[PDB]
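Number of protein chains: 2
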Amino acid sequence: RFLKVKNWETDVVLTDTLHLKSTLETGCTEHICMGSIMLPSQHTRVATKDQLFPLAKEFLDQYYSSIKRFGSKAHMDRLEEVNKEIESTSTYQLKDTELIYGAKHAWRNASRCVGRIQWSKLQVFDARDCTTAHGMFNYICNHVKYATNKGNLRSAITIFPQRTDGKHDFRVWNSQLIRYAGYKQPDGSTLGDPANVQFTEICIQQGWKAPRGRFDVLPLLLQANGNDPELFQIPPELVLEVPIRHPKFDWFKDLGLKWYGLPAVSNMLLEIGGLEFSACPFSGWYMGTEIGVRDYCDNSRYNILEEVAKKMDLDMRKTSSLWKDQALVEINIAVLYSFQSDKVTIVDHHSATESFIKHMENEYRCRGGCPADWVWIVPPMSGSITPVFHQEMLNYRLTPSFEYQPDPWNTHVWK
Amino acid sequence: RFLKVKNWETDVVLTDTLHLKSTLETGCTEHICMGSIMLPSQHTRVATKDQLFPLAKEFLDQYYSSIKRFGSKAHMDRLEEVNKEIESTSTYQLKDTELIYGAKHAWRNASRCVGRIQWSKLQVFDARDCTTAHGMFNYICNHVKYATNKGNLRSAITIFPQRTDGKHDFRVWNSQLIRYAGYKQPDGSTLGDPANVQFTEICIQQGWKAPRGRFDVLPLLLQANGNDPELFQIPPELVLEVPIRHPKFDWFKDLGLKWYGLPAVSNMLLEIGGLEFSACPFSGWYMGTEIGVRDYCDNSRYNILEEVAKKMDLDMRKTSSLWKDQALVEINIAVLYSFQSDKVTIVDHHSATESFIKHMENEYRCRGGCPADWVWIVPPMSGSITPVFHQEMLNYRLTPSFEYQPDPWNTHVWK
Ligand code: HEM
Ligand code: HEM
Ligand SMILES: Cc1cc(N)nc(COc2cc(CCN(C)C)cc(F)c2F)c1
Ligand SMILES: Cc1cc(N)nc(COc2cc(CCN(C)C)cc(F)c2F)c1
Ligand SMILES: C[C@H](O)[C@H](O)[C@H]1CNc2nc(N)[nH]c(=O)c2N1
Ligand SMILES: C[C@H](O)[C@H](O)[C@H]1CNc2nc(N)[nH]c(=O)c2N1
Ligand SMILES: [Zn+2]
Numbered sequence: 299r300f301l302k303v304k305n306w307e308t309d310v311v312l313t314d315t316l317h318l319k320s321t322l323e324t325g326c327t328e329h330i331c332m333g334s335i336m337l338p339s340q341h342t343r348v349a350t351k352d353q354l355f356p357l358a359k360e361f362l363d364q365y366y367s368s369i370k371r372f373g374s375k376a377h378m379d380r381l382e383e384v385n386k387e388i389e390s391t392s393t394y395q396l397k398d399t400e401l402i403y404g405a406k407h408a409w410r411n412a413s414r415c416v417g418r419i420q421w422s423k424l425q426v427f428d429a430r431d432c433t434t435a436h437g438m439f440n441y442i443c444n445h446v447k448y449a450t451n452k453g454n455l456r457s458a459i460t461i462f463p464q465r466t467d468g469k470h471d472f473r474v475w476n477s478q479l480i481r482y483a484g485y486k487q488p489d490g491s492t493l494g495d496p497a498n499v500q501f502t503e504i505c506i507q508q509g510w511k512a513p514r515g516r517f518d519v520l521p522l523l524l525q526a527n528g529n530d531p532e533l534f535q536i537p538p539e540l541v542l543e544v545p546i547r548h549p550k551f552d553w554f555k556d557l558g559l560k561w562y563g564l565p566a567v568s569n570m571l572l573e574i575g576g577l578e579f580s581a582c583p584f585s586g587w588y589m590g591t592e593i594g595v596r597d598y599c600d601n602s603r604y605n606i607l608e609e610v611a612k613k614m615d616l617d618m619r620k621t622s623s624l625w626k627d628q629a630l631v632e633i634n635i636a637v638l639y640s641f642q643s644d645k646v647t648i649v650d651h652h653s654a655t656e657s658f659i660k661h662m663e664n665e666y667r668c669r670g671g672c673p674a675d676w677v678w679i680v681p682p683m684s685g686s687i688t689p690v691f692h693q694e695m696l697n698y699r700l701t702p703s704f705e706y707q708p709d710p711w712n713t714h715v716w717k
Numbered sequence: 299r300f301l302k303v304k305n306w307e308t309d310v311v312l313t314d315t316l317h318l319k320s321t322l323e324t325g326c327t328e329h330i331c332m333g334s335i336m337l338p339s340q341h342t343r348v349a350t351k352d353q354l355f356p357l358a359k360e361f362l363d364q365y366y367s368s369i370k371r372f373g374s375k376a377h378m379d380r381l382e383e384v385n386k387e388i389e390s391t392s393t394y395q396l397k398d399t400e401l402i403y404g405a406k407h408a409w410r411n412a413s414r415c416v417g418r419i420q421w422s423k424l425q426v427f428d429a430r431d432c433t434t435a436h437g438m439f440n441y442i443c444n445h446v447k448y449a450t451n452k453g454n455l456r457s458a459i460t461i462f463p464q465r466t467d468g469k470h471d472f473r474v475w476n477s478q479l480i481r482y483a484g485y486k487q488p489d490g491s492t493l494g495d496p497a498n499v500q501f502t503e504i505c506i507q508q509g510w511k512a513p514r515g516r517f518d519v520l521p522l523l524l525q526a527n528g529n530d531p532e533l534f535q536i537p538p539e540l541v542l543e544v545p546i547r548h549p550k551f552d553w554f555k556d557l558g559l560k561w562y563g564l565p566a567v568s569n570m571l572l573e574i575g576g577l578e579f580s581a582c583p584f585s586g587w588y589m590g591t592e593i594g595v596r597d598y599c600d601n602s603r604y605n606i607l608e609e610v611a612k613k614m615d616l617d618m619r620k621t622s623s624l625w626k627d628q629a630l631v632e633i634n635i636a637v638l639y640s641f642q643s644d645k646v647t648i649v650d651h652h653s654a655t656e657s658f659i660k661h662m663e664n665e666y667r668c669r670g671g672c673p674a675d676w677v678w679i680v681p682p683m684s685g686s687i688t689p690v691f692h693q694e695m696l697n698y699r700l701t702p703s704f705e706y707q708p709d710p711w712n713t714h715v716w717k
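Residue numbers (the deposited numbering), protein chains in the order written: chain A, 299 to 343, 348 to 717; chain A', 299 to 343, 348 to 717. A prime marks a further copy of an entry chain.
Have a look at this one:
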């Protein structure tokens, strides 16, 4: 009841008691582990008034434990107050301070997030007064501007009104506020980002005039209070982009690559005290490998290890020449170099993973544990030369949390 | 009750029913996943006559199902026969054919093993007639010779007598039949393999005269039927070694690296029909990354990314120059190149991981599933440019199996 995780590179041993507070299930049973299923049925998201008070009570008891005033009158009053409001309205509302705590701790509890050392320094924009897609677009634009901070990126989340009935639902339909378009070709090949082609067509469906290149920033599709979503173009001056050059290969400019500075995940669901915020875009800054490895080099993403290795003049005949590995390291040197030379906040997968081990030490000391998904924490290149490879991580689901949710067009009852 | 695993790079979907046959537990519960604990208490190994027949019956019912003659008289007789022998002797003995099946399927069931596409082509040397450390040493030498096959490596396992009481126990004390010695220094640094220093001293304890270099092949320490283990030097002509050169950097010879051709894991436990074979060395051929990444570049292993990157003339000031990544790809190009140019069987982590996906297809088709540990199947470099990164794997514990077991010197009641 007091589990142990070891680092096999440092012989460090931490003791995890925090998992005792754990609430939701994982997908693993005693006789099967599913630690590598991408979107388990547990990580995906309609609740009633009955279940809503335990979740409200549980969340509130830890929020007052957080600000050192647990069990007091201001606590016991706030429990009655929300109890009373959940009888009266079969839902309730979070105090501005309860939102900021809740959100911060959904990030803190994200076991698949390697950059959580910064969880406390999160900026919460309370957009619960929003009512229109235009209001969303305005809130989202001020997010983009603030979090971008001219390359000196800042963590932020903008929280649109919580789900109520379920049919009046705020959603960003984008998977990220900034993503490049994806267009299929005559021969069935793909220009742009193959991940988004389904979304790119949904935008053209609703009227997007596509410039039909690679790195075309998509418009925002914003569903407000259940109504049909509406296209909005982020002002280009607000979308900061790093053109990718290499600090050796001058032909790497002619590759003509670039990425947006701001990773800002928009399509997920924030759970606080049993309340569901269906739109809650959040942003940080990139780890280099998300762009250099996954975006640029996944097979069904930009798939550039081909053209890069060509220009490197690499033994591409044999699989065992490791030409794919060689061209991958250069591509990530270029991403990190490019972002740093434009003063745009980026972190390499070595620095990010050491900070996470430093963060894990804090969380097992001043909190008793740190839920961690090794399958997701280990960078997708040079796994074992980074210190997270050798660290055992206990994965469990705490709340407040971020949950996946179905894409809106699979569920949205249209006009 | 018919779980689904998806490949997110190919959209391939397999259906796992084989996990229904699963028997032992994993360490994960509904509310915690431990898929990244190295040696869970389940994966580590005294049984009574009561429990011994279900395990005997379960194993035999699948062995006759294997050779198409399930439920027949030869089956029902063999069940009575072993039932009778487990009453009479509170243990039993495997037919030569039941050993070969059992062993092959312990390899087949090893969910952490990426090279299992070859599980059926395993050579089983039945050393259950062995009684002395000298007999062990002779059996082990014929293993080494056979599996090495002059660089054209072959899979093999040598099975010493099964555990009985528990105090008469055959054990190879080596973790592998061939490993380099590790000696600590005046300044506390380490010459050789830091992993083995504890073992290297136990050998010098029992009388090993150490040549005190790096790549000094350790002697065998062989415990036979419970008696004190005894040192034996594998004839050097039997220990094939690849000196590591690079196909560009002529200063990579002057690095002076070399590795043994034969990976041969000796310290683990083979479970067949509830029977425990405490000594069962098994060997295949290397994946390149086990040497180039883990051996050569783990921090507490040979830790050569230092000296290699120096000679590469690399930006070692900044962590974010990715100099560690750059020097790692070259080191693995050199290992693969070196082994191939000496006609010594080696596989690159790209070829090995594609074969495993091909193998996974066979196992979900002609068997209903394939237990797989993603944390261990994904190569420790260039994770996501290999197809196992994107494949969901169901991990479960089938039997016959290989289990870890405590090291003998922590348990051996000495003389
Ligand atoms: C501050 C810089 C940040 C960095 C470097 C970072 C890095 C990462 C990385 C590399 C992943 C793995 C996902 C992938 O590779 O596709 C991830 C996942 C995630 N991060 Fe962070 N992130 C940051 C900020 C944030 C913020 C501000 C939040 C929430 C407000 C957050 C919450 C999450 C969540 C929910 C996931 C996915 C967990 C899941 O899929 O279940 N992160 N992050
Ligand atoms: C034929 C070539 C083979 C290759 C390329 C191969 C490769 C690997 C690799 C890369 C690992 C991960 C361990 C690590 O990286 O430290 C592993 C684990 C393992 N392999 Fe294989 N192997 C081969 C043959 C065999 C054979 C012949 C057996 C059994 C007779 C076997 C059974 C296992 C077991 C039991 C494990 C570890 C599972 C655990 O720790 O629970 N493998 N193998
Ligand atoms: C704020 C932030 C910063 C950063 N540097 N990186 C990220 C990446 O975050 C996520 C990535 C995915 C991709 C999931 N895949 C199946 C497509 C799903 C999520 F839910 C995430 F939160 C986020
Ligand atoms: C036959 C074979 C071929 C091959 N190419 N590689 C291997 C590696 O197999 C193992 C490696 C370890 C290291 C475990 N670590 C904690 C030190 C533990 C085991 F039980 C293994 F079976 C085996
Ligand atoms: C199949 C597997 O779950 C899937 O590829 C996961 C593995 N680990 C990951 N880890 C991170 N950080 N990001 C990912 O997208 C994935 N994908
Ligand atoms: C902590 C973690 O379980 C440990 O480092 C594991 C991770 N995955 C691995 N995978 C392989 N193939 N070999 C290993 O030694 C390990 N080590
Ligand atoms: Zn699990």
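Every residue, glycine too, gets a C-beta built ideally from N, C-alpha and C.
Taking the alpha carbon of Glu632/A as the point to measure from, which residue in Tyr598/A, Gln425/A and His317/A has its own alpha carbon closest? The candidate whose alpha carbon is nearest that of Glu632/A is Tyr598/A.
Distance between beta carbons of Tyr441/A' and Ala458/A', contact taken as under 8 Å: Incorrect: roughly 11 Å between the Cβ atoms, too far for contact.
At least 3 beta-carbon pairs within less than 8 Å: the stretch 640–659 of chain A vs the stretch 659–672 of chain A': They do not touch, by the three-pair rule.
Classify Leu312/A as buried or exposed, calling it buried when 16 or more other Cβ atoms lie within 10 Å of its own Cβ. Of the residues assessed, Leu312/A falls on the buried side of the cut-off, its CB having 16 or more other CB atoms within 10 angstroms.
Mind checking if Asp709/A is an interface residue toward chain A', Cβ cutoff 8 Å exclusive? Contacts with chain A' at 8 Å (Cβ-Cβ) do not include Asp709/A.
Residue-chain proximity (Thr713/A', chain A), Cβ-Cβ < 8 Å: Closer than 8 Å: no.
Cα-Cα separation between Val610/A and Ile635/A, rounded to whole angstroms: Answer to the nearest angstrom: the Cα atoms are 13 Å apart.
Is it buried or exposed, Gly590/A, if we count other Cβ atoms within 10 angstroms and call 16 or more buried? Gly590/A should be labelled buried.
What I want to know is whether the C-beta of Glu592/A ends up closer than 7 Å to one or more non-hydrogen atoms of ligand 3. Distances taken from the Cβ of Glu592/A to the heavy atoms of ligand 3 include one shorter than 7 Å.
Do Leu479/A and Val426/A count as a contact pair if the criterion is CB distance below 8 Å? Not a contact, by the Cβ cut-off of 8 Å.
Does the Cβ of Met570/A' lie closer than 7 Å to at least one heavy atom of ligand 3? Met570/A' Cβ: outside cutoff for every heavy atom of ligand 3.
Should residue 347/A' be flagged as near chain A, meaning a C-beta pair shorter than 8 Å? In this structure residue 347/A' is absent; chain A' steps straight from 343 to 348.
In its own chain, which residues sit with a C-beta less than 8 Å from the C-beta of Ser623/A', not counting the 5 before and 5 after it? Taking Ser623/A' as the centre and dropping the five residues before and after it, the same chain places the C-beta of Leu616 and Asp617 closer than 8 Å to its C-beta, in chain order.
Beta-carbon contacts of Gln508/A that lie in its chain and below 6 Å, excluding the five residues immediately before and after: Closer than 6 Å at the Cβ level, and outside the excluded window around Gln508/A, lie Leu533.
heavy atom of ligand 7 below 7 Å from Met332/A C-beta: Checking every heavy atom of ligand 7 against the Cβ of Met332/A, one is found closer than 7 Å.
Kindly say whether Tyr485/A', judged by its beta-carbon, lies nearer than 8 Å to any beta-carbon of chain A. Chain A contact via Cβ: absent.
Cross-chain neighbours of residue 345/A in chain A', by beta carbon under 8 Å: Here chain A breaks off after 343 and picks up again at 348, leaving residue 345/A without coordinates.
Interface residues of chain A facing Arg596/A' [CB-CB closer than 7 Å]: Within chain A, the residues near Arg596/A' are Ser686.
Can you tell me whether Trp678/A sits near ligand 1, meaning its C-beta is under 7 Å from at least one heavy atom of the ligand? Under cutoff, so the answer is yes.
For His377/A, which residues of its own chain have a beta-carbon under 6 Å away from its beta-carbon, when the five flanking residues on both sides are left out? Here the set comprises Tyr366.
Going by the beta-carbon positions, is the gap between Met683/A and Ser334/A' smaller than 8 Å? Going by C-beta atoms, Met683/A is not nearer than 8 Å to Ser334/A'.
Listed by chain order, chain A' residues near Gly333/A by CB distance under 8 Å: In chain order: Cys326, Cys331, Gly333, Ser334, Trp676, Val677 and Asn697.
Could you tell me if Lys511/A' is buried or exposed, where buried requires 16 or more neighbouring beta carbons within 10 angstroms of its beta carbon? Flag for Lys511/A' reads exposed.
What's the C-alpha gap between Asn601/A' and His652/A? One C-alpha to the other measures close to 14 Å.
Between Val631/A and chain A', is the shortest Cβ-Cβ distance under 8 Å, so that the two count as touching? Yes, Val631/A lies at the interface with chain A' (some Cβ there is under 8 Å from its Cβ).
Should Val637/A be listed as close to ligand 3, given that the test is whether its C-beta is under 7 Å from any heavy atom? No - ligand 3 has no heavy atom lying nearer than 7 Å to the Cβ of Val637/A.
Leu301/A versus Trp587/A': straight-line alpha-carbon distance, rounded: Going from the Cα of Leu301/A to the Cα of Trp587/A' covers about 36 Å.
Hey, could you find the ends of the alpha helix (DSSP H) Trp625/A' is sitting in? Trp625/A' -> alpha helix (DSSP H) spans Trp625 to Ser643.
For the pair the stretch 563–576 of chain A and the stretch 405–414 of chain A, tell me if three or more CB-CB distances fall below 8 Å. Contact between the stretch 563–576 of chain A and the stretch 405–414 of chain A is present: three or more C-beta pairs spanning the two stretches fall below 8 Å.
Residue range of the beta strand (DSSP E) that includes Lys302/A: Bounds of the beta strand (DSSP E) holding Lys302/A are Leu301 to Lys304.
I'd like to know if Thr621/A' contacts chain A, where contact means its C-beta is closer than 8 Å to some C-beta of that chain. Closer than 8 Å to some Cβ of chain A, the Cβ of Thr621/A' qualifies, so yes.
For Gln628/A, go through chain A' and note every residue whose CB falls closer than 7 Å to its CB, in chain order. Chain A' residues near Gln628/A: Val631.
Buried or exposed, going by whether 16 or more other CB atoms sit within 10 Å of the CB of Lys550/A? By the neighbour-count criterion, in which a residue is buried when 16 or more other Cβ atoms sit within 10 angstroms of its Cβ, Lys550/A is exposed.
At a CB distance below 8 Å, what residues from the stretch 599–621 of chain A' approach chain A? Give them in sequence order. Against chain A - using a Cβ distance shorter than 8 Å - the residues of the stretch 599–621 of chain A' are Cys599, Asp600, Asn601, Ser602, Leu607 and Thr621.
For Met378/A', which of helix, strand or coil comes out of DSSP? It is helical.
Assuming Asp627/A and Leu638/A are in contact, meaning their beta carbons sit under 8 Å apart, how far apart are those beta carbons, in whole angstroms? The pair is not a contact, with the Cβ atoms about 17 Å apart (cut-off 8 Å).
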